[PDB]
Amino acid sequence: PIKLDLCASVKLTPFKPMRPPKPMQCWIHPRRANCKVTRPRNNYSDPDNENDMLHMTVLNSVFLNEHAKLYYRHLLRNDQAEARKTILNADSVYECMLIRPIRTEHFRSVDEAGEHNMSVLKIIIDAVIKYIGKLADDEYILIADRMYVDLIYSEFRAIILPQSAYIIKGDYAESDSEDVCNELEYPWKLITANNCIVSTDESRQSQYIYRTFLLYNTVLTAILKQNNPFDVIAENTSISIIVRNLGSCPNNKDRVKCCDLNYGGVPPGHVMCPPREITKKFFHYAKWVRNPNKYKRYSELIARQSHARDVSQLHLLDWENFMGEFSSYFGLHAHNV
Amino acid sequence: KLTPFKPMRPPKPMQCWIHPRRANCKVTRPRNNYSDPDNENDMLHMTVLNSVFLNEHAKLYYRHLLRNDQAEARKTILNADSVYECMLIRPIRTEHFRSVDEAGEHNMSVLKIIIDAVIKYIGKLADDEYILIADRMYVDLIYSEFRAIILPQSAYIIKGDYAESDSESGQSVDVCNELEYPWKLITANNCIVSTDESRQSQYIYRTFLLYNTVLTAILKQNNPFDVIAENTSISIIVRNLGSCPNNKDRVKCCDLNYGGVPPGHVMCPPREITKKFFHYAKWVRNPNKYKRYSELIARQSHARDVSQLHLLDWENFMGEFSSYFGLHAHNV
Amino acid sequence: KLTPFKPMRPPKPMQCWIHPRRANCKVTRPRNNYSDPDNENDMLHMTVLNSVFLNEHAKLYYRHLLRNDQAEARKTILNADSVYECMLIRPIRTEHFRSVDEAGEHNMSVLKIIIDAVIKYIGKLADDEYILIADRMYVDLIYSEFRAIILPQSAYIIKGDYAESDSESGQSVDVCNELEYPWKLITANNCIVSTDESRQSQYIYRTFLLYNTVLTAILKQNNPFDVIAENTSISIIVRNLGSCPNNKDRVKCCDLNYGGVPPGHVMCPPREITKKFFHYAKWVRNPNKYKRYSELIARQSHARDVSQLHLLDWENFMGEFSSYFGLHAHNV
Amino acid sequence: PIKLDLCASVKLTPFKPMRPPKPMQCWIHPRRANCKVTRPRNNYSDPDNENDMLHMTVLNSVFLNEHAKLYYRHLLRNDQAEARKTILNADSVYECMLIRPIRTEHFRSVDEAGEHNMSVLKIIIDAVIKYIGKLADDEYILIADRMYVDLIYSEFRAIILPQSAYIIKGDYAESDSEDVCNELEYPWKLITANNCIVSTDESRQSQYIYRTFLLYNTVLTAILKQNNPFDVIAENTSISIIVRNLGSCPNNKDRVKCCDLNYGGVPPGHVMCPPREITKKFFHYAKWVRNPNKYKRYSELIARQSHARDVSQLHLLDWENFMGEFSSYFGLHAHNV
């Protein structure tokens, strides 16, 4: 249903510039329809090309940028997938993945892994942390997909996946004014610029903590052989009820009852138990996904003050302590931070 | 439901002295270093369209024909679904382009050059390729006393294919499988079947688009043959205007109002040709039902005589027009 | 969210040879007993508008002026929010009404009678009452060589009130408390404050609406002074047309295209008068902010000299027009 | 937000042709905002005029008919309210009620009455039954307000109230073709007619049973001193869960557990226990309110066949037996039927 602004708003049938694949399915992603995997009929003289794994992912076209370029690709760098390219078909969109796993390499979806092989787990955390490192401090991001990043992973690699996210370039005009929203060529800048917002300290902290929670949710998903309900961004779903069901950390009320979760291998204990109120505020920050443009309601949210300011600062510092102990738990380094 | 996040400020000042009557035409000039008055002579028009006109490659469709660009710049930029073709311009001191809309242009030579530009623009369209306009039954543009600058056009491309007996001779590499070996192995471009008769339909279509554009240019009144709306019916418009006096098969455009001196009968195309033209045009509503109009104009629904003589009448109009402006008949 | 139930079949055939270019004008004739050819001479036009134009009494606003109806029938009927003014017509055998749109009318007398009809139609509007058009800067209608038939107009009425020292003399019964004793005791009509200066604004408004209508009638081209859209700005249109030669305070309508013989300068109203007219008109977007434009045209924002001389120039245009068509200056 | 179809779809501010009463409240209808009551400052020389009760009710404008005339008024006849008239203000609408209760008459809202004074109760049932009698057999109606009719009632009268309903004129073209959808004057009929539908036996039975259930729900509300949840037409609300909570009639599974309800005076017993599946099908029929035009989904619904046809017929006949015993319970007469 598309119309023009002339004296007759004509109904336009959404044109289909690409045969939509009828056999839509990915065995690595059985629960996902938009996820489709497939192995091409490579030149059969060469057994090597047999390994080439190809996965297309479906998604809306809004996720493309002003340049018609999909947002996660901006954060992509030194990618591991053998190749990638975008696919625009009307509102729908597709994103095919060329991969060539080595003679024995075998990827698999991060979801529901449970995997306790901290070597592979650390491979994935390195991939995701380096990827999100491409984010700028005054640039921020939300993930309308879920509260984590999808990916697959083999013993040799951890291939990232396309994400339903939205870039948002905030701008903190430092009092000492000595990347700008008006980066076009001067003529074009005369008309318009990025749909920027007002950056500030609190927004920086909010986005940083948000990406950190994304990291931790992905880590959970990796070490959860059961459902990791944290991903769920359902409108009806509320974190209040979520932690009411899950309860709080037995070892300390402050944190969540993540000690009792179901783990593919060794349970780590109350290690996976983050403070609760920080998670709550994180979910509130995440709710931004539905109205990204209205930034005043979510930009500083994780770092906002509910004295209330003292409690917010203290509990954010508690979450920072949690990140410190987490990094120590995996021998990590905050140079990415 | 999700908010369609906007990655840029939507330009509110929808002001185009070239095209005020529209809701998407905005022209505006730079305010750069004035030591160079020519830099001030620069002009900058952005038009707001819909992203649906972006192909698989994320390419605005009419840009497939932006070849030998006489204008300065043409770049695409979008605010979510909204899209924006942004134009750089720089005429010489006395050169100033103007809207084709009801231009009333009397200068024969200016019309000649403009029509040459439009015909060459549309020429590169492939034989099995078919174009459909989505805003008006005439290509839109501007024109200065010296040169002409095409304007962005909202249209959809489509590729066709046939299986002629001699399916080998000539360049057959142009196929709707325009991906790279694995990616084509995954999916192929949307495509249809092309055959000579729909090609004649398309020829008639493009030529009458050219005719509509020239009418608009030389008209000191509106061009009723330029509206692609629904309630508009070629039947009612014909009833309004009627058969042309010296040739009733034609239409009474002789009485119309041109800024240039009225040539009279010269601008009077046939009747059933325009009928089938309009019915072919109303296809655009749902191109996916392509066959419902793929062949419409030249269909044999005897009727063989009727449609072939209709083609004869159309090509008679084509040749007499071309001669009327010195155009070679071989410019098709 | 509830479905806006439709109590009638929505008439799909939006066909009006009188007004094809619009999306709501449908005309059509009866197919009744043909033994009476005059019954066939009957014509039947329904226009589709929005129910918002129905008052408290559920009365279509412009119908307040459907007095001494020269047309046959005018009834209202709605399909939920959609509304439908349905017209009966029956000209004499050779009488046939036509669209005011770009009528190019040369016949002076026909124009005279049409303008008489329009002025009398608008005359009954009360002094403290103010009208606002919602579709165009000109009253819409049709006209036969003999008579004229107004067409439905989408406009909002509003009543005003003042507290002059002599708040007793004359007929003061007309108040915005137009309910019956208890029902008025419950609620009152929406109302505003009327004062002489906004009344002058309204006089200028209505008169320039009349001027736009006459231009449309005698124009063999469109009437750019008839569009109430947003991006349209009187500033840009003025820049396009410019100061009239024999009187630069006026506008260069002399060069415009009339189906009747161009009178030239005769149709050239002042400049700032049209400016303030347009700014007054753009009020209609949100009438509830009434004061933001209630006084606009005749505001004293010295400026006393400026606005009073603007009124003088406007009334000069009014009188010279009236004399140009024999109209008495007392027909205001 | 209103636009025209010309080359510029202009945003139009909804014009306000009437001061909306700021003190919006009815003491007889404390839970209803659209309900407002008020006593006018009558000529104080006459104590008689003091009794005059005036109640305006707010509602959407869609409820008006093609003639801009509100639907319940069509069913109104020999009305008891001292006077009535409609009030169009933009989309909003109002409906003022003039009443002159006699020197001692005292009206009151039917809701939450509990009243056991079968004399007054029978007054109300007579009012409602005679009112709904104005419905034609081939004409049908739905009540988007709720699953009943609002009203007030004094010892002397039972004043009806405006309803958010929608008239629907079906048409059963009897094979022996010897009120028509095309009732306009011939010219106008040449363009259009009523938005009719295809009547039939089953639709007649469905509408009849629907109005009967409306009667019974109103009677319940009258004899319920507590909430009568049956009125509720909430989208989230399902009759399945409703009767799951309420359970079925202890005296017979067939019916509903209406024996246990809360009654202003004497409980009547399992008398108020209707068959359940009939109520279910009634609620499904009622769901039509949201898309009245699409009649194929609801018109025959109460009388439709789920053998399944045998069960539907049998259980509808059981509901008819329930109406028979109900009428006997109040000495009524089916001449209205």
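Just so it is clear, none of the values below were taken in a lab; they were calculated from the coordinates. When we count neighbours, we look across all protein chains shown, and the Cβ atoms used for this are built from the backbone with ideal geometry, even at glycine.
Estimated from helical segments only, the mean residue ellipticity of chain D at 222 nm is -8500 deg cm²/dmol, where each DSSP H run of four or more residues counts as -39500 (n - 2.57). The Rg/Rh ratio for segment C:252-326, using Cα coordinates for both the radius of gyration and the Kirkwood hydrodynamic radius, is 1.07. Quick one: go through segment B:219-245 and flag any residue whose amide nitrogen is under 19 Å from the point 7 Å out along the Cα-to-Cβ line of D:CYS7. From segment B:219-245, the list is B:219-233. Per residue, the convex hull around the alpha carbon atoms of chain C comes to 182 Å³. Among C:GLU72, A:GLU178, sorting on how many other beta-carbon atoms sit within 10 Å of each Cβ, with the fewest leading, yields A:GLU178, C:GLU72. Scaling against 2.2 N^0.38 Å puts the C-alpha radius of gyration of the protein assembly as shown at 1.09.
Shown in residue order for segment D:100-107 are the 3J(HN,Hα) couplings computed by the Karplus curve 6.51 cos²θ - 1.76 cosθ + 1.60 at θ = phi - 60°: 10, x, 5, 3, 10, 4, 9, 7 Hz (x for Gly and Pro).
Scanning chain A for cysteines with no neighbouring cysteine C-beta under 4.7 angstrom from their C-beta gives A:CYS96, A:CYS259. Applying 1/(1 + (r/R0)^6) with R0 = 35 Å to the Cβ-Cβ distance of D:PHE330 and D:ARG100, what FRET efficiency is obtained, to the nearest 0.05? According to the calculation, E is roughly 0.75.
Projected label points at B:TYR34 and B:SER323, each 7 Å from Cα along the beta carbon direction, are separated by 5.6 nanometres. Derived value for segment D:210-337: Kirkwood hydrodynamic radius 15.6 Å. Basis is the mean of 1/r over every pair of different alpha-carbon atoms.
Shielding value for C:285-293 is 2, the average number of Cβ atoms from other chains within 10 Å of each residue's Cβ. Of the residues A:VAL37, D:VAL337, the one with the fewest other Cβ atoms within 10 Å heads the list, and the complete ranking is D:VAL337, A:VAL37. With only Cα atoms counted, segment C:68-224 has Rg and Dmax values of 18.8, 57 Å. The amide H of C:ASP161, built 1.01 Å from its N in the peptide plane, has C:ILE192, C:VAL193, C:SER194 as neighbours under 5 Å, considering only residues 5 or more places off or on other chains.
Label-to-label distance, D:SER177 versus B:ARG304, with points set 7 angstrom from Cα along the beta-carbon direction: 4.5 nm. You can think of it this way: the chain between C:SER243 and C:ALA188 has 15.1 nm of extra reach, that is 0.36 nm per residue less the Cα-Cα gap.
As a proxy for reagent exposure, B:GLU168, D:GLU183, B:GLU129, D:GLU300 were ordered by neighbouring Cβ count within 10 angstrom, fewest first; the result is B:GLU168, D:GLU183, B:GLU129, D:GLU300.
Taking θ as phi - 60° and the Karplus parameters 6.51, -1.76 and 1.60, the scalar couplings of segment B:184-194 work out to 4, 4, 8, 7, 10, 5, 4, 7, 9, 9, 9 Hz in sequence order, x denoting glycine and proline. The translational diffusion coefficient of chain D, from Stokes-Einstein at 37 °C and 0.692 mPa s with a Kirkwood hydrodynamic radius over alpha carbon pairs, comes to 149 µm²/s. Close amide H contacts of A:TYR263 (hydrogens built in the peptide plane, cut-off under 5 Å, sequence separation of 5 or more or a different chain): A:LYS225. Summed over qualifying helices (DSSP H, 4 residues or more, each -39500 (n - 2.57)) and divided by its residue number, chain C shows a 222 nm mean residue ellipticity of -8500 deg cm²/dmol.
Rounded to whole numbers, the Karplus 3J(HN,Hα) couplings from phi for segment B:56-68 are 3, 5, 6, 9, 5, 4, 4, 5, 4, 10, 7, 10, 6 Hz, using 6.51 cos²θ - 1.76 cosθ + 1.60 with θ = phi - 60°, and x at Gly and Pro. Averaging the Cα positions of each part gives two centres, and for segment A:139-211 and segment B:73-115 these lie 37 Å apart.
Between amide H atoms placed 1.01 Å from N, distances below 5 Å from B:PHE146 occur with B:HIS96, all of them 5 or more places distant or on a separate chain.
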